[PDB]
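Before any questions on how it binds or moves, here is one chain, the form deposited in one PDB entry, in structure tokens.
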């Protein structure tokens, strides 16, 4: 599952946690991120990274931390990732080096770190001993999400009946009823910037038994002009001596969910 490197590969990896109320209010969110650098050719070992000048490297809310061998100074003044010791070069063993980390915490009702909103509507059902559930979602991502997995923490006896007419992605399917994990429903696609819903009926003792519901999703692009969800990105890669001398590179921009849930 490790992506292919043609010389310099820069991975920008962000992970998002979030907690919503049943009615859709954001209680909290926390985003962690890291910039990893992989190089496999000694010709390119002796290089520097220029972050997009779109980025405020002094924003206190991002809590930016640089690897202890990176030059804090050049980073802070020039948005430049380079080694303190200008005589040394980066490892050329194709191994991931984390050169920069960041973390952002948003308080209740701040929706700036939320790629996917969530709300639930829940009534007792006719057809089963339990509940009719609708989960409304809305993406604000510019790419589309694939194989999104909603998990309810119950193990019912009768199987789940997905209301395919009242849902948006009609071919949603259950993919797991364990006892340990509970019941997990998968969705093919969530379209960029589009709202949707997932509707179904499920067996359960009482309403609180359905929560917390967890969502799980993931997204990746290899585009060289890619921005992260928080606007993180590379301007250029550049010779450690001749700063006008550009070098070639690829960049992967990921965003995975971790503890993303409705409670």
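Positions refer to the first chain, counted from 1.
In what follows, reference is made to the form solved in complex with a partner chain, a form of this protein that is not presented.
In the entry with it bound, no heavy atom of residue 218 sits within 4.5 Å of the partner chain. For the chain shown alone, residue 122 is not a contact residue for the partner chain in the entry with it bound, no non-hydrogen atom being within 4.5 angstroms.
In the entry with it bound, at least one heavy atom of residue 96 sits within 4.5 Å of a heavy atom of the partner chain. Taking non-hydrogen atoms only, residue 134 never approaches the partner chain to within 4.5 angstroms in the entry with it bound. This chain is drawn without the partner chain; in the entry with it bound, the residue among 145, 100, 118, 172 with a heavy atom within 4.5 Å of it is 100. Only one of the listed residues (36, 194, 56, 223) places a non-hydrogen atom within 4.5 angstroms of the partner chain in the entry with it bound, and that residue is 36.
Of the stretches 164-172, 186-194, 100-108, 135-143, only 100-108 has residues with a heavy atom within 4.5 Å of the partner chain in the entry with it bound.
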